[PDB]
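Working notes, structure below.
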Protein chains: 2
Amino acid sequence: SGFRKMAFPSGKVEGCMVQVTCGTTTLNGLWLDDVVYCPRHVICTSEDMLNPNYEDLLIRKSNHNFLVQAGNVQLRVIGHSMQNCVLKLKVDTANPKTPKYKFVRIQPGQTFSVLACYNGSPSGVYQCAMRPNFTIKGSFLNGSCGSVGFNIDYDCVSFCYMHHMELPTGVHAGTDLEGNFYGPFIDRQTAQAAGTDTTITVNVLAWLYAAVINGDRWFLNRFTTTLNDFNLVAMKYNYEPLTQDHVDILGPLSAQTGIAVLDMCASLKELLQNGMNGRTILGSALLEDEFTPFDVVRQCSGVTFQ
Amino acid sequence: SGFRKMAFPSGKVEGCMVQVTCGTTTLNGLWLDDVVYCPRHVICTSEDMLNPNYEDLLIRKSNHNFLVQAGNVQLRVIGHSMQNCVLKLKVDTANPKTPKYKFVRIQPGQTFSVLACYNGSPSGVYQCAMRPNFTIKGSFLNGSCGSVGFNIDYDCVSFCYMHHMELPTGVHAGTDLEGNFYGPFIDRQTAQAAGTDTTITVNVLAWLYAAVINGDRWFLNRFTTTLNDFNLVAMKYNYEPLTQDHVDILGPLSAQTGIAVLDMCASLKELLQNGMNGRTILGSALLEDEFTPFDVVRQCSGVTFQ
Ligand SMILES: *C(=N)[C@H](C[C@@H]1CCNC1=O)NC(=O)[C@@H]1Cc2ccccc2CN1C(=O)[C@@H](NC(=O)C(F)(F)F)C(C)(C)C
Ligand SMILES: *C(=N)[C@H](C[C@@H]1CCNC1=O)NC(=O)[C@@H]1Cc2ccccc2CN1C(=O)[C@@H](NC(=O)C(F)(F)F)C(C)(C)C
Ligand SMILES: [K+]
Ligand SMILES: [K+]
């Protein structure tokens with residue numbers, strides 16, 4: 001029993017973290033085979049942050065201008081190139097701890113683990129979601145850029161995020177591992193800000209099912225609703241629309257508990273219209289939307305990774 | 001910016017997890033040098049759970065009756081012995097990924113990371129606290145026993161918990177790595193239940209400081225209090241007494257923010273007497289007590305591990 005915000009084991013990713021230094025700036029890079037991937041803004045200086053001309057800054061740097069360290073060992077850079085908002089530093093040594101891996105671009109509403117790193121060394125791991133507004137609610141300080149997010153399936157690490165920027169509310173923006181930003185954001189010090197976020201409805205439902213599996217059932221009512229009527233209430237409270245694909249994705253949790261998704265929706269509608277009145281669900285006084293259905297099943301069935 | 005329930009990188013511990021099978025039961029063990037440590041109840045059967053006679057069950061088992069698997073490779077057991085509530089299985093191979101490590105018995109109020117495992121393979125990592133009532137609010141299913149909790153300092157893994165039991169409210173009980181239970185609990189299927197818990201006050205204060213560092217300041221009032229007056233309010237709301245040692249442990253966070261601990265206490269007293277009135281602190285509608293001062297400083301300063 002119990003339910004925690006659970007991260008993936010980080011070991012496969014830890015063996016890939018290195019330090020990249022270019023002049024003043026040090027941040028983190030990801031060493032896979034003989035390539036280190038890092039944020040291109042490692043080549044910037046404090047002045048040229050308003051509008052960096054990345055091609056112009058880069059043509060002034062040669063291989064030796066990138067200092068790349070894997071713990072105590074220096075990795076010699078023998079090539080470099082820019083792809084979108086990342087640098088690929090070809091090094092003379094293939095990483096012997098490269099895991100089986102894929103680069104994936106995740107969808108809003110999906111979750112992943114972040115291995116927060118400073119100077120190439122890991123600080124901690126936590127779980128996050130790609131918000132509908134293409135930000136993530138992370139925990140990141142100066143020097144954290146190049147830290148990655150990832151999922152593990154079986155034996156394969158799927159890298160989906162690299163950290164670049166912090167936006168005004170203290171939320172975070174970054175790229176996939178091809179260097180394309182999630183959302184409208186760019187690596188410039190400008191006025192950009194996050195769009196208005198929404199609450200990931202299918203995930204809230206998943207978490208209500210998680211509550212039920214753990215014996216926390218007080219919020220279940222005797223009513224049902226239609227999908228259309230549910231979605232009218234959801235819009236009012238700034239919840240995403242629930243689609244039939246969402247309903248079907250929730251099928252396994254509905255089956256385990258014997259609670260039809262639309263019945264669960266009627267209970268969610270009541271929680272949104274009436275509040276929780278001092279009560280908690282899985283130790284929380286708010287509805288939680290950063291567990292996906294798959295996350296709930298993994299945790300409540302004991303799924304492991306090779 | 002930002003603040004998350006952050007776990008330690010798990011890689012050093014992942015390389016120590018193995019599977020132990022004895023007849024019907026499979027659970028997890030911790031492979032350090034040429035010793036595998038696991039819960040002694042691996043030698044039990046479904047009937048003899050009310051009152052196992054562990055010495056009698058064990059004398060009927062020889063080395064070959066313990067099947068120990070490190071991923072795909074079988075580890076031959078060449079000795080076995082019982083220490084308190086754990087078995088130590090001497091194996092013919094020293095683990096080549098043994099990290100620098102220590103066995104520590106933590107204090108109530110302290111936090112650690114759990115690497116939840118099934119069949120020797122990791123499922124996820126999350127952060128927990130040793131509750132004042134010597135339980136932990138974990139997430140554990142059948143087969144999770146032998147999963148460990150730990151802290152990382154510099155390059156040294158300090159193992160502090162191994163998982164054995166689930167108590168009636170869905171909370172968890174286990175031992176240190178010498179096989180002594182935390183709390184009054186034992187490895188028997190009996191009526192045992194957890195004492196009444198309390199809220200870890202110094203930790204709540206640490207987390208309020210974490211809020212302030214991140215710009216979430218609305219709960220700070222203009223008042224102060226004495227330590228004795230604060231502790232009268234704390235008792236009423238089932239909070240532990242705050243000691244002068246606690247006050248001094250909070251010194252670094254008080255210094256960074258410029259908020260005297262007793263001033264912060266006056267703000268906490270107001271939150272306990274008046275509630276939050278629909279507001280949140282660091283995204284939470286409840287006060288959080290599973291961050292220690294040290295956890296807050298690590299996260300808000302970027303501490304890394306070798
Ligand atoms: C990575 N090391 C660091 C991570 C930030 C630091 C504080 N918390 C974080 O998460 N990245 C930056 O500081 C980036 C780098 C950069 C590249 C090109 C142009 C400008 C910058 C400045 N950075 C910012 O994150 C800034 N944010 C923004 O400019 C915006 F809000 F996104 F527009 C700022 C946090 C104001 C330094
Ligand atoms: C470890 N594999 C497993 C972890 C439990 C299973 C469900 N969730 C968990 O965290 N451990 C057990 O099930 C133990 C083992 C044991 C050893 C000796 C005697 C009896 C048992 C039965 N176990 C329990 O956890 C049981 N709890 C209690 O008996 C008590 F509440 F602590 F008294 C029970 C959860 C009822 C199976
Ligand atoms: K240009
Ligand atoms: K005995």
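Residues are named by chain letter and number: chains run A, B, ... in the order of the structure tokens, numbers start at 1 in each chain, and ligands are numbered from 1 in the order shown.
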Name the residues, by chain letter and number, that sit within 9 Å of ligand 2 using only C-alpha atoms and all ligand atoms, and give them as a PyMOL selection string. (chain A and resi 1-2) or (chain B and resi 25-28+39-42+44+46+48-52+118+138-147+163-173+185-194)
Since we have the selection now, will you write its residues out, keeping N, CA and C atoms, as a compact mmCIF listing (two decimals), in the first residue's frame?
```txt
# COMPACT_ATOMS: atom_id res chain seq x y z
N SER A 1 0.85 -1.22 0.00
CA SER A 1 0.00 0.00 0.00
C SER A 1 0.86 1.24 0.00
N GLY A 2 0.21 2.38 -0.18
CA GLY A 2 0.88 3.66 -0.23
C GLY A 2 1.06 4.16 -1.66
N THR B 25 9.11 -18.16 -1.36
CA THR B 25 9.21 -16.73 -1.21
C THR B 25 10.40 -16.18 -1.98
N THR B 26 10.16 -15.15 -2.80
CA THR B 26 11.23 -14.33 -3.36
C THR B 26 11.11 -12.90 -2.84
N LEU B 27 12.22 -12.32 -2.44
CA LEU B 27 12.28 -10.91 -2.10
C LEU B 27 13.68 -10.44 -2.48
N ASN B 28 14.06 -9.26 -1.99
CA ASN B 28 15.28 -8.59 -2.42
C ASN B 28 16.35 -8.69 -1.34
N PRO B 39 15.82 -9.80 4.49
CA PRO B 39 14.91 -10.08 5.61
C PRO B 39 14.88 -11.58 5.92
N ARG B 40 14.94 -11.91 7.20
CA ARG B 40 14.94 -13.32 7.58
C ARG B 40 13.62 -14.01 7.23
N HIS B 41 12.53 -13.26 7.05
CA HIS B 41 11.26 -13.91 6.77
C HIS B 41 11.19 -14.49 5.36
N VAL B 42 12.27 -14.42 4.57
CA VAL B 42 12.35 -15.17 3.33
C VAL B 42 12.26 -16.68 3.57
N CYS B 44 10.25 -18.13 5.71
CA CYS B 44 8.93 -18.46 6.22
C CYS B 44 8.02 -18.99 5.12
N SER B 46 3.53 -19.42 4.27
CA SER B 46 2.28 -18.70 4.51
C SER B 46 1.60 -19.09 5.82
N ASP B 48 3.17 -20.36 8.67
CA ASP B 48 3.91 -20.09 9.89
C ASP B 48 4.18 -18.60 10.10
N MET B 49 3.25 -17.73 9.70
CA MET B 49 3.46 -16.29 9.81
C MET B 49 3.00 -15.71 11.14
N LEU B 50 2.03 -16.36 11.80
CA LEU B 50 1.55 -15.89 13.10
C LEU B 50 2.65 -15.84 14.16
N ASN B 51 3.51 -16.86 14.19
CA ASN B 51 4.58 -16.93 15.17
C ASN B 51 5.72 -17.79 14.64
N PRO B 52 6.50 -17.29 13.69
CA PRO B 52 7.63 -18.08 13.17
C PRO B 52 8.69 -18.33 14.24
N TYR B 118 11.58 -5.12 -6.85
CA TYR B 118 10.84 -6.38 -6.95
C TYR B 118 11.72 -7.35 -7.72
N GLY B 138 5.65 4.79 3.04
CA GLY B 138 6.25 4.33 1.81
C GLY B 138 5.21 3.94 0.77
N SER B 139 5.71 3.30 -0.28
CA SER B 139 4.89 2.71 -1.33
C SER B 139 5.49 1.35 -1.62
N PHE B 140 4.84 0.28 -1.15
CA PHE B 140 5.47 -1.04 -1.14
C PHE B 140 4.37 -2.07 -1.37
N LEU B 141 4.67 -3.09 -2.15
CA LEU B 141 3.74 -4.16 -2.49
C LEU B 141 4.36 -5.49 -2.10
N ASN B 142 3.59 -6.57 -2.25
CA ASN B 142 4.18 -7.90 -2.12
C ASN B 142 5.49 -7.97 -2.89
N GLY B 143 6.50 -8.57 -2.27
CA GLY B 143 7.77 -8.77 -2.91
C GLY B 143 8.75 -7.63 -2.75
N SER B 144 8.34 -6.54 -2.12
CA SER B 144 9.20 -5.37 -1.99
C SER B 144 10.20 -5.51 -0.86
N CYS B 145 10.00 -6.48 0.04
CA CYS B 145 10.89 -6.58 1.19
C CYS B 145 12.33 -6.79 0.75
N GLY B 146 13.23 -6.24 1.54
CA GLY B 146 14.62 -6.21 1.20
C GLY B 146 15.04 -4.95 0.50
N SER B 147 14.08 -4.17 -0.02
CA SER B 147 14.35 -2.83 -0.53
C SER B 147 14.93 -1.98 0.58
N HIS B 163 13.32 -2.93 4.23
CA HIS B 163 11.87 -3.03 4.38
C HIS B 163 11.41 -4.44 4.74
N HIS B 164 10.55 -4.53 5.79
CA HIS B 164 10.03 -5.82 6.21
C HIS B 164 8.50 -5.91 6.24
N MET B 165 7.79 -4.90 6.76
CA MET B 165 6.40 -5.09 7.17
C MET B 165 5.52 -3.93 6.75
N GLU B 166 4.23 -4.21 6.52
CA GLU B 166 3.23 -3.16 6.37
C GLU B 166 2.22 -3.21 7.52
N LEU B 167 2.02 -2.07 8.19
CA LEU B 167 1.12 -1.95 9.34
C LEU B 167 -0.25 -1.47 8.90
N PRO B 168 -1.26 -1.58 9.79
CA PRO B 168 -2.66 -1.46 9.34
C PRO B 168 -3.00 -0.18 8.61
N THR B 169 -2.48 0.97 8.97
CA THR B 169 -2.96 2.10 8.19
C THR B 169 -2.34 2.19 6.76
N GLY B 170 -1.63 1.17 6.31
CA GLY B 170 -0.86 1.33 5.08
C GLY B 170 0.47 2.01 5.26
N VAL B 171 1.02 2.02 6.48
CA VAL B 171 2.34 2.55 6.73
C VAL B 171 3.29 1.37 6.96
N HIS B 172 4.58 1.67 6.97
CA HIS B 172 5.58 0.64 6.79
C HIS B 172 6.58 0.61 7.92
N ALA B 173 7.12 -0.59 8.16
CA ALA B 173 8.07 -0.80 9.25
C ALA B 173 9.20 -1.68 8.74
N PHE B 185 8.11 -2.69 16.48
CA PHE B 185 7.55 -3.71 15.60
C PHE B 185 8.43 -4.96 15.50
N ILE B 186 7.79 -6.06 15.13
CA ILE B 186 8.46 -7.34 14.95
C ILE B 186 7.96 -8.02 13.67
N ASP B 187 8.73 -9.00 13.19
CA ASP B 187 8.36 -9.72 11.97
C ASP B 187 7.52 -10.95 12.35
N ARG B 188 6.29 -10.63 12.77
CA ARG B 188 5.22 -11.58 13.06
C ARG B 188 3.90 -11.01 12.55
N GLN B 189 3.01 -11.87 12.10
CA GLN B 189 1.65 -11.44 11.74
C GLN B 189 0.85 -11.40 13.05
N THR B 190 0.83 -10.23 13.68
CA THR B 190 0.13 -10.03 14.94
C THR B 190 -0.67 -8.74 14.86
N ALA B 191 -1.21 -8.30 15.99
CA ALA B 191 -2.09 -7.14 16.05
C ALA B 191 -1.34 -5.83 16.15
N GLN B 192 -0.02 -5.86 16.12
CA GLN B 192 0.76 -4.64 16.28
C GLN B 192 0.23 -3.53 15.38
N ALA B 193 0.32 -2.30 15.90
CA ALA B 193 -0.08 -1.11 15.16
C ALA B 193 0.80 0.04 15.62
N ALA B 194 0.89 1.03 14.74
CA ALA B 194 1.69 2.22 14.98
C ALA B 194 1.07 3.10 16.06
```
As a ChimeraX atom specification, please: the residues near residue 278 (chain A) (cut-off 12 Å, only C-alpha atoms, same-chain neighbours under 5 positions excluded). /A:271,283-286 /B:275-278,285-286
Next, dump the selected residues to file, keeping only N, CA, C and O atoms, as a JSON list (two decimals), in the first residue's frame.
```json
[["chain", "number", "residue", "atom", "x", "y", "z"],
["A", 271, "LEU", "N", -16.14, 16.90, -6.65],
["A", 271, "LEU", "CA", -14.99, 17.49, -5.97],
["A", 271, "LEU", "C", -14.69, 18.88, -6.48],
["A", 271, "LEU", "O", -14.23, 19.74, -5.73],
["A", 283, "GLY", "N", -3.12, 11.71, 1.15],
["A", 283, "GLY", "CA", -2.35, 12.67, 1.91],
["A", 283, "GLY", "C", -2.30, 14.08, 1.36],
["A", 283, "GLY", "O", -1.53, 14.89, 1.88],
["A", 284, "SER", "N", -3.08, 14.39, 0.33],
["A", 284, "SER", "CA", -3.02, 15.69, -0.34],
["A", 284, "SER", "C", -4.34, 16.42, -0.16],
["A", 284, "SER", "O", -5.41, 15.82, -0.20],
["A", 285, "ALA", "N", -4.25, 17.73, 0.01],
["A", 285, "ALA", "CA", -5.43, 18.55, 0.14],
["A", 285, "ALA", "C", -5.85, 19.15, -1.18],
["A", 285, "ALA", "O", -6.83, 19.89, -1.21],
["A", 286, "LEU", "N", -5.11, 18.89, -2.25],
["A", 286, "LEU", "CA", -5.39, 19.36, -3.60],
["A", 286, "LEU", "C", -5.48, 18.14, -4.50],
["A", 286, "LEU", "O", -4.95, 17.06, -4.18],
["B", 275, "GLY", "N", -5.11, 28.52, 9.92],
["B", 275, "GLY", "CA", -5.16, 27.83, 8.64],
["B", 275, "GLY", "C", -4.56, 28.67, 7.55],
["B", 275, "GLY", "O", -4.03, 29.76, 7.77],
["B", 276, "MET", "N", -4.63, 28.15, 6.31],
["B", 276, "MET", "CA", -4.09, 28.87, 5.16],
["B", 276, "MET", "C", -5.15, 29.60, 4.34],
["B", 276, "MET", "O", -4.78, 30.35, 3.43],
["B", 277, "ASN", "N", -6.43, 29.38, 4.61],
["B", 277, "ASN", "CA", -7.53, 30.08, 3.95],
["B", 277, "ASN", "C", -7.44, 30.00, 2.42],
["B", 277, "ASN", "O", -7.54, 31.00, 1.70],
["B", 278, "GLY", "N", -7.28, 28.78, 1.92],
["B", 278, "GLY", "CA", -7.31, 28.54, 0.49],
["B", 278, "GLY", "C", -6.01, 28.77, -0.22],
["B", 278, "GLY", "O", -5.94, 28.55, -1.44],
["B", 285, "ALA", "N", -1.25, 22.62, -0.08],
["B", 285, "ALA", "CA", -2.30, 23.18, 0.75],
["B", 285, "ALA", "C", -2.17, 22.75, 2.19],
["B", 285, "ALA", "O", -3.00, 23.14, 3.00],
["B", 286, "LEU", "N", -1.17, 21.94, 2.51],
["B", 286, "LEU", "CA", -0.88, 21.46, 3.85],
["B", 286, "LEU", "C", 0.56, 21.85, 4.18],
["B", 286, "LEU", "O", 1.38, 22.09, 3.28]]
```
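Running DSSP on the backbone and keeping only alpha helix (DSSP H), the residues of region 259-292 of chain B that qualify are residues 261, 262, 263, 264, 265, 266, 267, 268, 269, 270, 271, 272, 273 and 274 of chain B.
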Just the selected residues (N, CA and C atoms), exported as a short mmCIF file (atom, residue, chain, number, x, y, z; two decimals), in the first residue's frame, please.
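Okay, this is what ended up in again.cif:
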```cif
data_model
loop_
_atom_site.label_atom_id
_atom_site.label_comp_id
_atom_site.auth_asym_id
_atom_site.auth_seq_id
_atom_site.Cartn_x
_atom_site.Cartn_y
_atom_site.Cartn_z
N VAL B 261 14.70 32.50 13.71
CA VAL B 261 13.87 31.32 13.84
C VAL B 261 12.62 31.63 14.66
N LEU B 262 12.75 32.40 15.73
CA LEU B 262 11.57 32.66 16.56
C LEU B 262 10.55 33.50 15.81
N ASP B 263 11.00 34.40 14.93
CA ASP B 263 10.04 35.09 14.06
C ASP B 263 9.32 34.10 13.16
N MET B 264 10.06 33.18 12.55
CA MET B 264 9.41 32.18 11.72
C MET B 264 8.40 31.39 12.55
N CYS B 265 8.75 31.09 13.81
CA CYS B 265 7.83 30.37 14.67
C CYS B 265 6.52 31.14 14.85
N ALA B 266 6.60 32.47 15.02
CA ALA B 266 5.38 33.26 15.15
C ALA B 266 4.50 33.13 13.90
N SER B 267 5.10 33.10 12.71
CA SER B 267 4.34 32.82 11.49
C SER B 267 3.77 31.41 11.47
N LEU B 268 4.54 30.41 11.93
CA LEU B 268 3.99 29.06 12.00
C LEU B 268 2.83 29.00 12.97
N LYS B 269 2.95 29.67 14.12
CA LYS B 269 1.85 29.65 15.09
C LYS B 269 0.58 30.20 14.44
N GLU B 270 0.71 31.28 13.68
CA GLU B 270 -0.47 31.84 13.03
C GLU B 270 -1.05 30.85 12.02
N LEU B 271 -0.20 30.18 11.24
CA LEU B 271 -0.72 29.20 10.29
C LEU B 271 -1.46 28.08 10.99
N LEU B 272 -0.99 27.66 12.17
CA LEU B 272 -1.65 26.56 12.85
C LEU B 272 -2.97 27.00 13.46
N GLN B 273 -3.04 28.24 13.94
CA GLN B 273 -4.24 28.71 14.62
C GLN B 273 -5.30 29.17 13.63
N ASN B 274 -4.88 29.67 12.46
CA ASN B 274 -5.80 30.28 11.50
C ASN B 274 -5.98 29.50 10.21
#
```
Neighbours of ligand 3 at 8 Å or closer, counting only C-alpha atoms and all ligand atoms: which residues, as a PyMOL selection string? chain A and resi 53-56
Selected residues written out with N, CA, C and O atoms, as a short mmCIF file (atom, residue, chain, number, x, y, z; two decimals), in the first residue's frame:
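File written: selection-v5.cif
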```
data_model
loop_
_atom_site.label_atom_id
_atom_site.label_comp_id
_atom_site.auth_asym_id
_atom_site.auth_seq_id
_atom_site.Cartn_x
_atom_site.Cartn_y
_atom_site.Cartn_z
N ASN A 53 24.08 35.82 -31.04
CA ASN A 53 24.21 35.40 -32.43
C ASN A 53 25.06 34.12 -32.33
O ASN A 53 26.29 34.18 -32.29
N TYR A 54 24.38 32.97 -32.25
CA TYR A 54 25.06 31.75 -31.83
C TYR A 54 26.05 31.30 -32.89
O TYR A 54 27.12 30.75 -32.56
N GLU A 55 25.71 31.50 -34.16
CA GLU A 55 26.62 31.13 -35.24
C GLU A 55 27.89 31.96 -35.18
O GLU A 55 28.98 31.45 -35.44
N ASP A 56 27.76 33.23 -34.82
CA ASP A 56 28.94 34.10 -34.76
C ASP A 56 29.80 33.78 -33.53
O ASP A 56 31.03 33.81 -33.61
#
```
If you run DSSP on the backbone, which residues of region 148-236 of chain B are strand (DSSP E), as a ChimeraX atom specification? /B:148-153,156-167,171-175
Prev. selection, N, CA and C atoms, output as a tab-separated table (two decimals), in the first residue's frame:
```
chain	number	residue	atom	x	y	z
B	148	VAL	N	15.87	-1.11	0.25
B	148	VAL	CA	16.59	-0.39	1.28
B	148	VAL	C	16.36	1.10	1.14
B	149	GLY	N	16.55	1.79	2.27
B	149	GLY	CA	16.69	3.24	2.29
B	149	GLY	C	18.09	3.69	2.65
B	150	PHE	N	18.47	4.90	2.25
B	150	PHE	CA	19.85	5.31	2.20
B	150	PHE	C	19.93	6.82	2.02
B	151	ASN	N	21.09	7.33	2.39
B	151	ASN	CA	21.50	8.69	2.13
B	151	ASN	C	22.86	8.61	1.45
B	152	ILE	N	23.19	9.64	0.67
B	152	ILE	CA	24.51	9.79	0.06
B	152	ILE	C	25.16	11.03	0.65
B	153	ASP	N	26.39	10.88	1.13
B	153	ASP	CA	27.21	12.01	1.55
B	153	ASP	C	28.53	11.91	0.79
B	156	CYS	N	29.97	8.36	-0.19
B	156	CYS	CA	29.65	7.26	0.72
B	156	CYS	C	28.14	7.09	0.82
B	157	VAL	N	27.67	5.88	0.53
B	157	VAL	CA	26.27	5.52	0.71
B	157	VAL	C	26.06	5.07	2.14
B	158	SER	N	25.18	5.74	2.87
B	158	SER	CA	24.84	5.35	4.24
B	158	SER	C	23.49	4.63	4.22
B	159	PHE	N	23.53	3.30	4.35
B	159	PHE	CA	22.30	2.51	4.37
B	159	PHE	C	21.70	2.57	5.77
B	160	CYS	N	20.41	2.92	5.83
B	160	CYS	CA	19.73	3.09	7.10
B	160	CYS	C	18.45	2.27	7.24
B	161	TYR	N	17.91	1.69	6.18
B	161	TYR	CA	16.62	1.00	6.30
B	161	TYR	C	16.57	-0.19	5.36
B	162	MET	N	15.96	-1.28	5.84
B	162	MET	CA	15.55	-2.37	4.98
B	162	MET	C	14.10	-2.69	5.28
B	163	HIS	N	13.32	-2.93	4.23
B	163	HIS	CA	11.87	-3.03	4.38
B	163	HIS	C	11.41	-4.44	4.74
B	164	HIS	N	10.55	-4.53	5.79
B	164	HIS	CA	10.03	-5.82	6.21
B	164	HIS	C	8.50	-5.91	6.24
B	165	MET	N	7.79	-4.90	6.76
B	165	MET	CA	6.40	-5.09	7.17
B	165	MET	C	5.52	-3.93	6.75
B	166	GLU	N	4.23	-4.21	6.52
B	166	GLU	CA	3.23	-3.16	6.37
B	166	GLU	C	2.22	-3.21	7.52
B	167	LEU	N	2.02	-2.07	8.19
B	167	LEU	CA	1.12	-1.95	9.34
B	167	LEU	C	-0.25	-1.47	8.90
B	171	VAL	N	1.02	2.02	6.48
B	171	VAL	CA	2.34	2.55	6.73
B	171	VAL	C	3.29	1.37	6.96
B	172	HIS	N	4.58	1.67	6.97
B	172	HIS	CA	5.58	0.64	6.79
B	172	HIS	C	6.58	0.61	7.92
B	173	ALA	N	7.12	-0.59	8.16
B	173	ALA	CA	8.07	-0.80	9.25
B	173	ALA	C	9.20	-1.68	8.74
B	174	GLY	N	10.40	-1.45	9.27
B	174	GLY	CA	11.57	-2.18	8.84
B	174	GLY	C	12.68	-2.07	9.85
B	175	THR	N	13.88	-2.48	9.42
B	175	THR	CA	15.05	-2.56	10.30
B	175	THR	C	16.18	-1.67	9.79
```
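Coordinates place atom 2 (N, counted along the ligand's line) of ligand 1 at a distance of 25.3 Å from CA of residue 92 (chain A).
Distances from A:90, A:12, A:137, A:246 to ligand 1 were compared using only C-alpha atoms and all ligand atoms, and the smallest one belongs to A:137.
Nearest to chain A of all the residues B:58, B:177, B:125, B:211 is B:125, counting only C-alpha atoms.
The environment of residue 255 (chain B) within 12 Å, counting only C-alpha atoms and disregarding residues fewer than 6 places along the same chain, consists of residues 209, 213, 247, 248, 249, 261 and 297 of chain B.
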Give me the residues of chain B that have any atom at most 12 Å from an atom of ligand 1; for each, the nearest atom pair and the distance in Å, rounded to one decimal. Use only C-alpha atoms and all ligand atoms, sort by chain and number, and format it as a Markdown table.
```
| residue | atom | partner | partner_atom_place_in_ligand_line | distance |
| --- | --- | --- | --- | --- |
| B:1 | CA | ligand 1 | 8 (N) | 5.5 |
| B:2 | CA | ligand 1 | 8 (N) | 8.5 |
| B:3 | CA | ligand 1 | 8 (N) | 11.6 |
| B:214 | CA | ligand 1 | 8 (N) | 10.9 |
| B:300 | CA | ligand 1 | 8 (N) | 10.8 |
| B:301 | CA | ligand 1 | 8 (N) | 11.5 |
| B:302 | CA | ligand 1 | 8 (N) | 11.0 |
```
N, CA and C atoms of the current selection, written as an mmCIF file, in the first residue's frame:
```
data_model
loop_
_atom_site.group_PDB
_atom_site.id
_atom_site.type_symbol
_atom_site.label_atom_id
_atom_site.label_comp_id
_atom_site.auth_asym_id
_atom_site.auth_seq_id
_atom_site.Cartn_x
_atom_site.Cartn_y
_atom_site.Cartn_z
ATOM 1 N N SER B 1 15.125 28.234 -9.311
ATOM 2 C CA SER B 1 13.931 28.283 -8.433
ATOM 3 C C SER B 1 13.184 26.967 -8.483
ATOM 4 N N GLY B 2 12.203 26.837 -7.601
ATOM 5 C CA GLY B 2 11.399 25.646 -7.492
ATOM 6 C C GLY B 2 11.836 24.762 -6.332
ATOM 7 N N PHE B 3 10.974 23.850 -5.952
ATOM 8 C CA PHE B 3 11.250 23.007 -4.794
ATOM 9 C C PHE B 3 10.454 21.732 -4.991
ATOM 10 N N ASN B 214 12.315 30.753 -2.241
ATOM 11 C CA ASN B 214 11.709 30.688 -3.566
ATOM 12 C C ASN B 214 10.719 31.805 -3.843
ATOM 13 N N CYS B 300 18.448 23.903 -2.270
ATOM 14 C CA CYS B 300 18.493 25.327 -2.591
ATOM 15 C C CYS B 300 19.908 25.867 -2.786
ATOM 16 N N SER B 301 20.952 25.048 -2.580
ATOM 17 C CA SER B 301 22.324 25.454 -2.886
ATOM 18 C C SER B 301 22.991 24.625 -3.985
ATOM 19 N N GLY B 302 22.398 23.505 -4.403
ATOM 20 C CA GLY B 302 22.965 22.663 -5.457
ATOM 21 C C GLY B 302 24.031 21.649 -5.065
#
```
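Within 12 Å of residue 235 (chain A), once only C-alpha atoms are used and residues closer than 3 positions along the same chain are dropped, the contacting residues are residues 198, 199, 200, 201, 228, 229, 230, 231, 232, 238, 239, 240, 241, 242, 269 and 272 of chain A.
Interatomic distance, CA of residue 256 (chain A) against CA of residue 281 (chain A): 18.9 Å.
Using only C-alpha atoms and all ligand atoms for every distance, the candidate list B:6, B:35, B:82, B:22 yields B:82 as the residue closest to ligand 4.
As for CA of residue 38 (chain B) and CA of residue 8 (chain B), they are spaced 22.0 Å apart.
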Ranking B:5, B:105, B:60, B:97 by minimum distance to residue 34 (chain B) and counting only C-alpha atoms, which one comes first? B:97
Show which residues sit within 7 Å of residue 10 (chain A), as an MDAnalysis selection string. Count only C-alpha atoms, and ignore same-chain residues fewer than 2 positions away. (chainID A and resid 8 12:14 115) or (chainID B and resid 9:11)
Can you spit out the residues from that selection as a CSV table (one decimal), in the first residue's frame, using C-alpha atoms?
```
chain,number,residue,atom,x,y,z
A,8,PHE,CA,12.8,6.1,-12.2
A,12,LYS,CA,21.8,4.5,-16.3
A,13,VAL,CA,21.7,8.3,-16.7
A,14,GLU,CA,24.3,9.0,-14.0
A,115,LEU,CA,18.4,14.0,-12.8
B,9,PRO,CA,20.7,9.4,-7.3
B,10,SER,CA,20.2,5.7,-7.0
B,11,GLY,CA,23.0,4.3,-9.2
```
Residues near residue 110 (chain A), anyone? I mean within 12 Å using only C-alpha atoms, not counting same-chain ones fewer than 5 positions away, as a list in words. residues 104, 105, 127, 128, 129, 130, 131, 132, 134, 135, 136, 149, 150, 151, 160, 161, 200, 201, 202, 203, 289, 290, 291, 292, 293, 294 and 295 of chain A
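In this comparison, which uses only C-alpha atoms, the residue of A:116, A:259, A:73, A:18 approaching chain B most closely is A:116.
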